[PDB]
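Structure, as structure tokens:
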Amino acid sequence: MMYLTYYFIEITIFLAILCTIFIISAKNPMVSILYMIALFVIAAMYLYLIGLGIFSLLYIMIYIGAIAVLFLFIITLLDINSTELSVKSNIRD
Amino acid sequence: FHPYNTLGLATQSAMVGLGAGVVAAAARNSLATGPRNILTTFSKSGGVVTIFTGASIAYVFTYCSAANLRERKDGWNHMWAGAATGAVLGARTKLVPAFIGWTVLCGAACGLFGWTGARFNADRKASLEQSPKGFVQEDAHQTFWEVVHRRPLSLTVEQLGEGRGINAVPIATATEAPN
Ligand SMILES: CCCCCCCCCCCCCCCCCC(=O)OC[C@H](COP(=O)(O)OCCN)OC(=O)CCCCCCCCCCCCCCCCC
Ligand SMILES: CCCCCCCCCCCCO[C@H]1O[C@H](CO)[C@@H](O[C@H]2O[C@@H](CO)[C@H](O)[C@H](O)[C@@H]2O)[C@H](O)[C@H]1O
Ligand SMILES: CCCCCCCCCCCCO[C@H]1O[C@H](CO)[C@@H](O[C@H]2O[C@@H](CO)[C@H](O)[C@H](O)[C@@H]2O)[C@H](O)[C@H]1O
């Protein structure tokens, strides 16, 4: 039972890599913003893990509560065309 | 001096130039305009890999060779290395006078770079600020940045050589009647 919660920092690192890849990869930028929100949740988790839950809640109420809201606010109101992630366009990188 | 290991340094040279050419080819592939893929990094690169590798091998090989032939460490070795590197960069243009000009001019440029110390930086213990300066005090040997009111005549005669006016004894005292 003791070490069931040992690798909860490594899991957050893994999930952060995943959410960044999904940000880069998502077709609609609304989905990229949602994955940025998930990355903020993961960071807030990690901050609770290392003993800074005050910063976790500050992040939840500032980043997710205002900045992500404003991102959604602008993409709901502005035409932001997008090229989908492609192999004929991005494989050169 | 201490001899240079030519082939080892030149092998390191070639690997470094190869890595740099790969990095430049990737940068060109990503910065370019037309349709491109992971195929074109070596197909459409303008000889960047060969530029880097040839320049690196030529410079280091020629530098260490001239240092081992001349048995010295000085800026003329950088002159020769620049001559060789310019010859490589000028053989690309398939013309004789451009090749000669590239060789001669980059030889002169890298030789100036070596003449000045072979460094874009400073030595910082040979600079004027950190070195003993001003007038030298009591018969001491004048260093590079020091100043002297009156110099030794043996030193003059050795540095310059006898003849053409400059003699180990003044003329008037040397021709003074022993009276
Ligand atoms: C992979 C294995 C690795 C192995 C380990 C060892 C590897 C060593 C790697 C060394 C670094 C190599 C980097 C190569 C340069 C970057 C690639 C490049 O192309 O730079 C120029 C870049 C694009 O240029 P491009 O799009 O191709 O079009 C050119 C048309 N004019 O456009 C740019 O503006 C980017 C410029 C980057 C420049 C960096 C700073 C260079 C400093 C210049 C030195 C000048 C000093 C000489 C002074 C002499 C004075 C006369
Ligand atoms: C575009 C036209 C170009 C023409 C102009 C040419 C001017 C170039 C400056 C030439 C003078 C440079 O002066 C040069 O002198 C001394 C020798 O006297 C060199 O000698 C010094 O070299 C360095 C590098 O090893 C070390 O400190 C070494 O111990 C030595 O003391 C210096 O590296 C350099 O400073
Ligand atoms: C176009 C003209 C203007 C060119 C611009 C550059 C001007 C300045 C000339 C470069 C000065 C180089 O000077 C540098 O090299 C001389 C040797 O020659 C060194 O002088 C030192 O040489 C060592 C030998 O290595 C001896 O012990 C010597 O007694 C002295 O201490 C100093 O480390 C430094 O003073």
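Only this structure's heavy atoms are used, side chains among them; waters, hydrogens and symmetry mates stay out. Protein chains get the first letters and strands the later ones, always in sequence-line order, with residue 1 at the start of each. When a ligand or atom number is given, it counts from 1 through the structure's own listing order.
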Have a look at B:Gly117, B:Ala118, B:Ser127 and point out the one with the heavy atom closest to atom 24 (C) of ligand 2. B:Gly117
Would atom 30 (C) of ligand 2 count as contacted, meaning some protein heavy atom under 4.0 Å? no
Around atom 49 (C) of ligand 1, find the nearest protein heavy atom and jot down its residue, atom name and distance. B:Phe120 CE2, 4.5 Å
With a 4.0 Å cut-off, strictly under, does atom 6 (C) of ligand 2 pick up any protein heavy atom? yes
Looking at B:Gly21, B:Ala24, B:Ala20, the heavy atom closest to atom 19 (O) of ligand 1 belongs to B:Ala24
Heavy-atom proximity to atom 4 (C) of ligand 1, best of B:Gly19, B:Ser30, B:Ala32: B:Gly19
Tell me: protein heavy atom nearest atom 34 (C) of ligand 3, and distance? B:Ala126 O, 3.5 Å
Among all the protein's non-hydrogen atoms, which is closest to atom 16 (C) of ligand 3, and how far away is it? B:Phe144 CD1, 3.8 Å
Geometric class of the B:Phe113/B:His78 ring pair [parallel <30°, tilted 30-60°, perpendicular >60°]: perpendicular
Atom 22 (C) of ligand 1: the protein heavy-atom neighbour that sits closest, reported with distance to 0.1 Å: B:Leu31 CD1, 4.2 Å
Return yes when at least one protein heavy atom is under 4.0 Å from atom 27 (O) of ligand 2, and no when none is. yes
Return the closest protein heavy atom for atom 29 (C) of ligand 1 as residue, atom name and distance. B:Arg28 NH2, 4.5 Å
